[PDB]
Amino acid sequence: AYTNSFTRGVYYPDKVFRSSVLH
Amino acid sequence: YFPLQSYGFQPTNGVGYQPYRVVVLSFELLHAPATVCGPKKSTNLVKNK
């Protein structure tokens, strides 16, 4: 069986907080 | 062959062949909360200055 990983799999690449930004 | 082989450590061996004990301390620098710190003390906190 197969399925579509729509948009999942994104994880915080760093343990540093950020806000309102496109990194 | 057996992948391991024994060192020959005799007291009369040359210093190059004498046994040395090695310890490697590995630490990752500041990216998250910490639990190993130095002997530095602390102080109160003041705001608006």
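Which chain is which? The protein sequence lines are A and C, in order.
Position 22 of the first sequence, counting from 1, maps to 48 under the deposited numbering, and the rest follow consecutively.
Position 44 of the second sequence, counting from 1, maps to 532 under the deposited numbering, and the rest follow consecutively.
The beta-carbon is built from N, C-alpha and C at its ideal position, and this holds for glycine as well.
* To do: Within the same chain, show all residues whose beta-carbon is closer than 8 Å to that of C:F497, passing over the 5 residues directly before and after it, in chain order.
  => Here the question's residue 497 of chain C lines up with position 9 in the second sequence. Within the same chain, C:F497 has close Cβ partners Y505, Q506 and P507.
* Asked: Looking only at its own chain, which residues have a Cβ that is under 7 Å from the Cβ of C:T500, when we skip the five neighbours before and after it?
  -> Here residue 500 of chain C corresponds to residue number 12 of the second sequence, with the count starting at 1. Within the same chain, C:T500 has no close Cβ partners at all.
* CA-CA distance, C:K537 and C:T531? -> Position 49 of the second sequence, counted from the first residue, corresponds to residue 537 of chain C. Position 43 of the second sequence, counted from the first residue, corresponds to residue 531 of chain C. Cα to Cα, the separation comes out at about 15 Å.
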